[PDB]
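I have placed the structure first, in the form of C-alpha cells, so that the comments after it can refer back to it.
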Amino acid sequence: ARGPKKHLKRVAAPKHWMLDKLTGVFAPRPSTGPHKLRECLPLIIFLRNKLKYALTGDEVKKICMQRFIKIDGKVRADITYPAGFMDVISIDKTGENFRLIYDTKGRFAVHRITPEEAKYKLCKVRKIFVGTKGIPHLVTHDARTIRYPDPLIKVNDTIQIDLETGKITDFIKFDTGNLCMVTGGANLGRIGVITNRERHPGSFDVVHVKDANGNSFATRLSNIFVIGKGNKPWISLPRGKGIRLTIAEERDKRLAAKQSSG
Amino acid sequence: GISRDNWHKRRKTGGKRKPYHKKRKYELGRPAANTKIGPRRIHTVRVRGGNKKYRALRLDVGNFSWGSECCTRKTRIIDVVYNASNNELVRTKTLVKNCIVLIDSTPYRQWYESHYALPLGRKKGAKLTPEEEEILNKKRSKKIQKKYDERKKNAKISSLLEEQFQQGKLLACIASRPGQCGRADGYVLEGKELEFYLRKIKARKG
Amino acid sequence: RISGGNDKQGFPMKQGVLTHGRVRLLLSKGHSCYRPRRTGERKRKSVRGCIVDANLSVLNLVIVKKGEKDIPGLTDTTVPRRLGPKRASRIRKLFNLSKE
Amino acid sequence: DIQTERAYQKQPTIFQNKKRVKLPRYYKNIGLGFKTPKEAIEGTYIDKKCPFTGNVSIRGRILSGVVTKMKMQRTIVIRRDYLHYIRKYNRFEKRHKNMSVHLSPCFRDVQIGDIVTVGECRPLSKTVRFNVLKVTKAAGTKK
Amino acid sequence: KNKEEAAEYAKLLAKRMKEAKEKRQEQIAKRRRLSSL
RNA sequence: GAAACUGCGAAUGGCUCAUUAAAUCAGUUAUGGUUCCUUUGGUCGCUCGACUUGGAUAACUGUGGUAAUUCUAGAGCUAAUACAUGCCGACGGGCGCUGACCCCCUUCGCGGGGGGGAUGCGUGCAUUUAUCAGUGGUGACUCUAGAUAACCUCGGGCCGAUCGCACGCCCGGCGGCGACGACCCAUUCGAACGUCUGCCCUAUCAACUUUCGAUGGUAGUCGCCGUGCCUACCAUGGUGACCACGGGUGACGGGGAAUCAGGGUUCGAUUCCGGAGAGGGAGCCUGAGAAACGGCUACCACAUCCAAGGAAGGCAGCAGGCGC
C-alpha cells in the first residue's frame with residue numbers, strides 16, 4: 001500500500017451483507033460517508049440484494065440517477081453510499097419508507113415504517129464540545145455536528161432529530177432502566193432494559209442489559225444505543241422485537257408453522 | 001536522503017538489525033536552517049499533507065516579552081552571547097530555540113516612561129532638552145495625576161535589569177523554533193534566571 | 001534580431017546558456033526546448049549553446065526595423081488578423097468605447 | 001543542588017518573576033487511584049518525565065517487576081518473571097523480560113529487590129516507555 | 001440564523017440555570033438542614 | 001462536436017517470494033505523541049479599515065531543422081474556475097486602553113466620593129510568543145473555551161472578480177433551486193510510530209556492544225509528530241546459561257493443508273489478510289498519499305537503433321520466444 005485502497009474483495013466483505021461466493025471476485029467498497037465501511041449497508045446492496053427491485057449494478061445506477069431514493073430526507077446519487085443504523089430510506093414514486101435497524105441476528109432487516117415515522121431519527125451523541133465563542137457542540141453516531149443543543153445532553157444519551165431542520169426535539173438520558181438496542185459484538189440486535197453500568201477507569205466500561213424473558217447479557221458501553229425511556233421504544237421495531245430465542249426454539253417455531261401449513 | 005529511522009542502529013542488546021526495506025519518504029530529514037542575524041530572509045519548505053514550514057535563514061527583528069508586567073514589543077536582535085548546547089553556535093552566531101541574545105531596550109524604556117511617568121536608564125545629569133520626554137513625564141490634570149502617583153508606587157525595578165537598560169541592551173531567551181516558524185520570539189531574562197545566566201556568561205568569558 | 005534557429009543535428013538553441021558548443025540540461029516545466037508528459041516531470045535534453053557560430057544549419061531572424069529598400073518576398077502583402085478581442089475590456093480598449 | 005546542567009532548570013508552566021511589594025510548584029494526580037506522593041508536592045527537584053511534576057500522561061498498561069539495577073541516571077532496570085506454557089509437554093518454562101524504566105527523584109529511596117508498579121507513557125528514550133508510579137518495600141526490610 | 005439560534009439558546013439556557021439556581025438555594029437549604037434540621 | 005488548455009485519476013488493481021529470524025506477522029491495547037484527497041455535517045454580512053480589473057499561452061494559421069523518437073525552435077491571433085490583481089458592502093456602532101475637559105454632593109477651604117466624556121490607538125478566526133483567571137469534559141491536560149500585551153514569513157492563511165437551469169415579485173424597483181471553490185472543525189477511508197506475549201536448526205557460536213552511538217541525563221537540530229533520529233557537553237552503562245552475540249535455512253508471516261485412536265509429526269511459493277520488490281544499489285520531482293519504476297536522474301551488469309554526431313531501454317502485467 002502506497003495510498004488509500006479502493007477495491008474490496010467479495011470474501012473480505014462484511015458477513016451481514018450475506019453476499020454469495022460464485023457471483024464475482026469483488027463487492028461494492030462503500031464510498032466514505034457518515035457510518036463506517038464495516039457497519040454500513042451500501043445502497044446497491046439494499047436495493048438489488050434485499051428489496052430485489054434491480055438485478056444488476058447497472059440497473060441500480062439507472063434507478064439512483066433518476067433522483068428516486070432519498071436517504072435521511074436528501075437525494076443520494078451514489079450507488080455505494082453507506083446507509084447505516086437508524087437511517088431513514090424514503091422512495092417517493094413507490095410510496096415506501098424503510099428504517100435500517102438490526103434483525104435479532106447480526107444483520108440489517110428491511111423494516112417498513114409509516115410516512116409520519118419516516119420524518120425523524122434517533123442519533124447517539126458521541127462527544128459534546130465547545131466551539132470558538134463558548135458555543136456548545138454535539139457530534140452524533142452518523143457524523144452530524146449539532147451546535148446550540150439542550151444544556152443537559154451528555155456523551156452517552158440519545159437525541160431525536162428532525163430530517164428537514166436537523167434540530168433536537170426530545171432526548172433520552174443514558175440511565176439504569178432505559179431500553180437499549182445493542183449495535184455491535186455477539187449480542188448484535190438484542191433489545192433489553194439497562195440493568196447496570198460497571199466503571200473501569202482506563203478500560204472499556206461493560207453495561208449489563210436485561211431482555212424481556214429474563215435473559216441477562218453484558219456488552220461494552222460503545223456498542224449500546226438507548227432507543228427508549230422505560231419499556232417504550234421511541235421507534236417501531238421489526239417482528240421478533242429483539243429477543244434472539246435459542247436454535248432449539250427457532251426450530252420448534254419453524255416446523256410448527258411448516259406442519260400447520262402441511 | 002537524510003534518514004530519520006530506528007532500524008539503521010543497533011538493538012538494546014548490541015545486536016545488528018538487517019534492514020527489511022529501503023528508505024521510505026515519511027522517514028524524511030532536511031539540512032539544518034542555521035539562522036544567522038541579518039536582513040530578513042525566509043525560504044518556504046512544503047511538507048507532508050501539503051502544509052508549509054518557514055526556514056528563517058537571516059533575522060533582525062523579534063517579538064520579545066518583559067514578563068513581570070506583560071510588556072511585549074517587537075525589538076531588533078543585535079547579537080548572541082551564550083548557548084547551552086554548543087559554543088560554535090555562539091562563534092557562527094546561529095539563532096536556535098533557548099539561546100541567550102541581546103535586544104534593543106528602547107521600546108521597553110519608552111513604554112516604562114509613558115506608563116509610570118518616571119525615567120529609566122537616562123544617567124544622572126541627563127539633558128532631556130527635546131522636552132516632549134518632559135511632556136510624557138509632566139503636565140496632567142488633577143485626578144489623572146492621582147492615578148499616575150498611585151501607580152509609580154510599585155515601579156521598583158530590579159538593579160540587574162536597571163543596569164542593562166542604562167547600558168542600552170537587554171538579555172532575552174528565544175522561546176520559538178526560528179528555523180521552523182521563521183520567528184525569533186522570546187522573553188527578557190529576570191530574577192534567578194538572569195543571575196544564573198550572567199554568572200554563566202562571565203565564567204565562560206574569563 | 002537573432003530569434004535563434006537549430007543545430008545541424010536539430011538540437012535547438014536554448015536562450016541564455018552562453019556557450020558555442022552542445023551541452024546537457026535537466027529541463028523541467030516552464031522551460032524552452034522541452035514539454036513534460038506527466039506533471040512534475042524533468043528530462044536530460046542535449047541542446048546547442050546560445051552563441052551563434054559557423055556550424056549550425058538554420059538561423060531564425062525577425063525584421064526589427066524595415067529598411068530603406070523593399071523586399072519582393074515578405075513586405076509586399078499583409079496577412080489578416082485571424083481572431084480579435086474575446087474579453088469585453090479588450091474590445092473597449094481596442095475600439096475606444098464610452099462606459100454607457 | 002539543582003541547576004547542575006548548563007541550561008536553567010525550571011518547571012516551565014509556573015512563572016517565578018511576579019513583581020511584589022516561596023516558589024510555587026505544579027503537580028497533578030495521574031488518575032487510576034495513585035496517591036501523588038509527598039515528595040512531588042514538597043520537593044525542589046526538576047523533572048520533564050516525572051508523572052506527577054512533569055509532562056507525561058499515563059495511559060495503556062499497568063505492569064509490575066522487581067528492581068534489579070539502579071546504576072543509570074534517573075532510570076532503573078526492573079525484571080518481569082512469568083511462566084510460558086509449552087503445549088506438547090503439559091508443563092511450563094520459567095522466562096523473564098527486564099526493561100529500562102524511568103525512576104523520578106520523587107521516590108527518594110528504592111532498594112534493589114523492591115516491588116514496583118509501572119504505567120505505560122509515550123517513548124521517553126531509545127528503550128524507556130514506562131514510569132515508576134508506586135514502590136512496595138520488599139518482604140520486611142524494616143531493619 | 002446566527003442571531004435567532006443565539007436568542008433561542010439564551011431562553012432555554014437561562015431557564016436551565018434558573019432550575020440549577022433553585023437547586024443552589026436547596027444546596028444552602030441542605031447546609032442549614034445539617035446546621036439546624 | 002474533433003483538437004488543445006484546465007480539473008481529476010495514474011499511490012488502486014495485477015505479478016512474484018529474492019530479501020527479512022522479536023524483523024515480518026498474529027492476538028491485545030495506545031496517539032492525552034501525529035498527518036489525511038474524497039465523503040457526510042458544521043462554519044463561511046462575526047473583521048470598523050466593482051453593472052466585472054490585468055498581460056501571457058495552447059489548439060489554429062504559417063516558416064523550419066536532423067537519418068532517427070510520443071524531439072520540437074521561430075512569426076502572427078485568441079480564451080479561463082489556467083496565471084495574477086483587487087473593491088464596495090453589512091457599517092451605526094461595540095468593546096478595551098488614552099483622556100482634553102465638564103457638572104454634581106461633602107470638608108468655610110484644601111483634600112474626598114462617584115459620575116459624564118473630546119482627540120488618538122487597538123480590534124475577527126487561523127499563526128508565533130509571554131502573562132492572568134478557573135463554560136464544558138476526562139481515570140488523568142501543560143484539554144477545551146475565556147481575559148490582557150505584541151506578532152503576521154513579500155517563497156505571503158481565510159474574509160467567492162465562478163457556471164447552469166427556472167424566471168419572477170412594483171415605480172428605471174425586485175429574489176428561489178443547483179454546479180464549482182475555499183482557511184478551520186468534526187466524521188469516513190486510512191496511514192504512521194509505539195505497548196504486552198508469541199518463531200525453525202545450531203556451543204566445531206560463551207561472552208557481546210562503546211570514545212567515528214553502545215545504555216542513560218540536559219539543551220538544541222531535524223521530522224507530520226514521541227524518541228540518540230542526529231548534533232554538543234556530561235554519566236558508565238545495556239544484554240547473557242531463563243542461550244545473549246554469531247552462523248544456517250531448499251525461511252516471507254498468518255488464516256490454513258496432509259495425516260491421524262488420544263498425544264503428535266510434516267507442509268503452508270500458491271487466489272483472503274499483512275509485508276517486501278520491480279535487472280543491482282542510490283537520489284529525487286509532482287501530489288493529500290510515491291523514495292513510484294506501464295515517473296524522472298546517475299553509476300554497475302546487459303542490451304536495441306544508428307548518415308557515427310546521437311536516440312532509446314526495463315514482462316516477478318496478459319499472451320508469446322530462447323535458456324534452464
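By order in the C-alpha cells, chains are A, B, ...; within a chain, residues start at 1; ligands start at 1, following the order shown.
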
Would you list, as a CSV table (one decimal) with N, CA, C and O atoms, in the first residue's frame, the residues of chain C that end up in strand (DSSP E) under DSSP run on this structure's backbone?
```csv
chain,number,residue,atom,x,y,z
C,22,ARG,N,27.7,22.2,-27.6
C,22,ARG,CA,26.4,21.4,-27.3
C,22,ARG,C,26.6,20.8,-25.9
C,22,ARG,O,27.6,20.1,-25.7
C,23,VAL,N,25.6,21.1,-25.0
C,23,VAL,CA,25.7,20.7,-23.6
C,23,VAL,C,24.3,20.0,-23.2
C,23,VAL,O,23.4,20.1,-24.0
C,24,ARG,N,24.3,19.4,-22.0
C,24,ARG,CA,23.1,18.6,-21.5
C,24,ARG,C,22.5,19.4,-20.3
C,24,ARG,O,23.3,19.7,-19.3
C,25,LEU,N,21.2,19.8,-20.4
C,25,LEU,CA,20.4,20.4,-19.3
C,25,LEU,C,19.3,19.5,-18.8
C,25,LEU,O,18.8,18.7,-19.6
C,26,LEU,N,19.0,19.6,-17.5
C,26,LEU,CA,17.9,18.9,-16.8
C,26,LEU,C,16.6,19.8,-16.8
C,26,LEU,O,16.5,20.5,-15.8
C,27,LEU,N,15.9,19.8,-17.9
C,27,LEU,CA,14.8,20.7,-18.2
C,27,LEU,C,13.5,20.2,-17.5
C,27,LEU,O,13.1,19.1,-17.7
C,43,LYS,N,13.7,16.1,-17.4
C,43,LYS,CA,14.4,15.3,-18.5
C,43,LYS,C,15.7,15.9,-18.9
C,43,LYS,O,15.8,17.2,-19.0
C,44,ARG,N,16.7,15.1,-19.1
C,44,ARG,CA,18.0,15.5,-19.8
C,44,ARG,C,17.8,15.7,-21.3
C,44,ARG,O,17.3,14.8,-21.9
C,45,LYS,N,18.1,16.9,-21.7
C,45,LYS,CA,18.0,17.3,-23.2
C,45,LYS,C,19.3,17.9,-23.6
C,45,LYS,O,19.8,18.8,-23.0
C,46,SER,N,19.9,17.3,-24.7
C,46,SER,CA,21.1,17.8,-25.4
C,46,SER,C,20.6,19.0,-26.3
C,46,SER,O,19.9,18.8,-27.2
C,47,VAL,N,21.1,20.2,-25.8
C,47,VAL,CA,20.7,21.5,-26.5
C,47,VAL,C,22.0,22.2,-27.0
C,47,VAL,O,23.1,22.0,-26.3
C,48,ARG,N,22.0,22.8,-28.1
C,48,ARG,CA,23.1,23.7,-28.7
C,48,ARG,C,23.1,25.0,-27.9
C,48,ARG,O,22.0,25.5,-27.5
```

All residues 8 Å or closer to residue A:99, only C-alpha atoms (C1' of nucleotides), same chain fewer than 2 positions away omitted, as a short mmCIF file (atom, residue, chain, number, x, y, z; two decimals) with N, CA, C and O atoms, in the first residue's frame:
```cif
data_model
loop_
_atom_site.label_atom_id
_atom_site.label_comp_id
_atom_site.auth_asym_id
_atom_site.auth_seq_id
_atom_site.Cartn_x
_atom_site.Cartn_y
_atom_site.Cartn_z
N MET A 86 -30.21 3.24 12.06
CA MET A 86 -31.26 4.27 12.32
C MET A 86 -31.60 5.10 11.07
O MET A 86 -32.55 5.90 11.16
N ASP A 87 -30.90 4.91 9.94
CA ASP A 87 -31.04 5.75 8.72
C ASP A 87 -32.39 5.48 8.06
O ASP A 87 -32.82 4.31 8.05
N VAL A 88 -33.01 6.53 7.52
CA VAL A 88 -34.41 6.56 7.01
C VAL A 88 -34.37 6.68 5.48
O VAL A 88 -34.02 7.77 4.98
N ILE A 89 -34.71 5.59 4.77
CA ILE A 89 -34.65 5.47 3.28
C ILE A 89 -36.08 5.55 2.74
O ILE A 89 -36.81 4.54 2.83
N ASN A 97 -41.19 3.62 2.81
CA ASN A 97 -40.20 4.19 3.76
C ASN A 97 -39.64 3.06 4.63
O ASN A 97 -40.45 2.34 5.25
N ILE A 101 -32.73 -0.62 11.03
CA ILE A 101 -32.35 -1.14 12.38
C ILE A 101 -32.21 -2.66 12.27
O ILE A 101 -32.87 -3.26 11.40
N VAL A 110 -35.17 -5.36 6.77
CA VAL A 110 -35.81 -4.37 5.85
C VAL A 110 -37.17 -3.99 6.43
O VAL A 110 -38.21 -4.52 5.98
N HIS A 111 -37.16 -3.09 7.43
CA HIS A 111 -38.31 -2.73 8.29
C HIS A 111 -39.03 -1.50 7.72
O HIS A 111 -38.48 -0.39 7.85
N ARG A 112 -40.21 -1.71 7.12
CA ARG A 112 -41.07 -0.63 6.56
C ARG A 112 -41.66 0.20 7.71
O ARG A 112 -42.02 -0.40 8.75
N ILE A 113 -41.76 1.52 7.52
CA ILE A 113 -42.32 2.49 8.51
C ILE A 113 -43.35 3.38 7.79
O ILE A 113 -43.39 3.37 6.55
N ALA A 118 -41.23 8.19 9.37
CA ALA A 118 -40.06 8.38 8.48
C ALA A 118 -39.71 9.87 8.32
O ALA A 118 -39.12 10.22 7.27
#
```

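The residues of chain C lying at most 8 Å from chain F, with only C-alpha atoms (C1' of nucleotides) taken into account, are residues 3, 4, 5, 6, 7, 8, 9, 10, 12, 13, 33, 34, 38, 39, 40, 41, 42, 43, 57, 58, 60, 62, 81, 82, 83, 84, 85, 86 and 87 of chain C.
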
Determine the nearest neighbour of residue B:113 from the options B:137, B:166, B:92, B:129, counting only C-alpha atoms.
B:137

Select, as an NGL selection string, those residues of chain E with any atom no more than 12 Å from chain F (distances computed using only C-alpha atoms (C1' of nucleotides)).
:E and (2-3 or 13)

Please report as a ChimeraX atom specification which residues of chain E come no farther than 9 Å from chain A, using only C-alpha atoms.
/E:5-6,8-9,12-13,16

Please check the contacts: residues of chain A at most 9 Å away from chain F, using only C-alpha atoms (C1' of nucleotides), listed as a VMD selection string.
chain A and resid 1 to 7 9 11 to 12 31 to 37 81 128 to 136 139 142 to 147 200 to 202

Provide as a PyMOL selection string the residues of chain D at most 10 Å from chain A, counting only C-alpha atoms.
chain D and resi 31-33+58-61

Residues near residue D:80, cut-off 9 Å, only C-alpha atoms (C1' of nucleotides), skip fewer than 5 positions along chain, as JSON, numbers by chain
{"D": [63, 64, 65, 66, 95, 96, 97, 98, 99]}

note - atom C1' of residue F:94 and atom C1' of residue F:115 are separated by 21.5 Å

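By only C-alpha atoms (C1' of nucleotides), and with residues fewer than 6 positions from residue A:192 along its chain excluded, the set lying at most 9 Å from it is residues 178, 179, 180, 181, 182, 209, 210, 211, 212, 215, 216, 231, 242 and 243 of chain A.
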
Restricted to N, CA and C atoms, what would the selected residues look like written as a PDB file, in the first residue's frame?
```
ATOM      1  N   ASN A 178     -33.571   1.889  31.180  1.00  0.00           N
ATOM      2  CA  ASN A 178     -33.881   2.507  29.860  1.00  0.00           C
ATOM      3  C   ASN A 178     -33.623   1.466  28.764  1.00  0.00           C
ATOM      4  N   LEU A 179     -34.554   1.323  27.809  1.00  0.00           N
ATOM      5  CA  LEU A 179     -34.435   0.375  26.662  1.00  0.00           C
ATOM      6  C   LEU A 179     -33.179   0.714  25.858  1.00  0.00           C
ATOM      7  N   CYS A 180     -32.361  -0.299  25.550  1.00  0.00           N
ATOM      8  CA  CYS A 180     -31.153  -0.183  24.694  1.00  0.00           C
ATOM      9  C   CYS A 180     -31.116  -1.332  23.678  1.00  0.00           C
ATOM     10  N   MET A 181     -31.001  -1.004  22.386  1.00  0.00           N
ATOM     11  CA  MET A 181     -30.598  -1.956  21.317  1.00  0.00           C
ATOM     12  C   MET A 181     -29.066  -2.006  21.284  1.00  0.00           C
ATOM     13  N   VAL A 182     -28.502  -3.209  21.152  1.00  0.00           N
ATOM     14  CA  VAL A 182     -27.033  -3.467  21.129  1.00  0.00           C
ATOM     15  C   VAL A 182     -26.583  -3.524  19.663  1.00  0.00           C
ATOM     16  N   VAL A 209     -27.437  -5.676  30.390  1.00  0.00           N
ATOM     17  CA  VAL A 209     -28.762  -5.472  29.730  1.00  0.00           C
ATOM     18  C   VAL A 209     -29.645  -6.685  30.047  1.00  0.00           C
ATOM     19  N   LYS A 210     -30.917  -6.444  30.385  1.00  0.00           N
ATOM     20  CA  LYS A 210     -31.933  -7.485  30.702  1.00  0.00           C
ATOM     21  C   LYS A 210     -32.969  -7.530  29.571  1.00  0.00           C
ATOM     22  N   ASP A 211     -33.081  -8.677  28.894  1.00  0.00           N
ATOM     23  CA  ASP A 211     -34.141  -8.977  27.893  1.00  0.00           C
ATOM     24  C   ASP A 211     -35.479  -9.134  28.628  1.00  0.00           C
ATOM     25  N   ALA A 212     -36.595  -9.061  27.893  1.00  0.00           N
ATOM     26  CA  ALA A 212     -37.982  -9.204  28.401  1.00  0.00           C
ATOM     27  C   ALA A 212     -38.155 -10.524  29.168  1.00  0.00           C
ATOM     28  N   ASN A 215     -33.455 -12.885  30.236  1.00  0.00           N
ATOM     29  CA  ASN A 215     -32.133 -13.229  29.643  1.00  0.00           C
ATOM     30  C   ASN A 215     -31.177 -12.053  29.873  1.00  0.00           C
ATOM     31  N   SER A 216     -30.159 -12.249  30.718  1.00  0.00           N
ATOM     32  CA  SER A 216     -29.142 -11.231  31.093  1.00  0.00           C
ATOM     33  C   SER A 216     -27.881 -11.426  30.243  1.00  0.00           C
ATOM     34  N   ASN A 231     -39.914   0.979  29.043  1.00  0.00           N
ATOM     35  CA  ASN A 231     -40.114  -0.146  28.085  1.00  0.00           C
ATOM     36  C   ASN A 231     -40.748   0.375  26.787  1.00  0.00           C
ATOM     37  N   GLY A 242     -36.588  -8.053  19.003  1.00  0.00           N
ATOM     38  CA  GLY A 242     -35.221  -8.220  19.538  1.00  0.00           C
ATOM     39  C   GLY A 242     -35.179  -9.054  20.808  1.00  0.00           C
ATOM     40  N   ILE A 243     -35.430 -10.363  20.691  1.00  0.00           N
ATOM     41  CA  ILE A 243     -35.355 -11.359  21.806  1.00  0.00           C
ATOM     42  C   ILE A 243     -34.151 -12.287  21.568  1.00  0.00           C
TER      43      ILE A 243
END
```
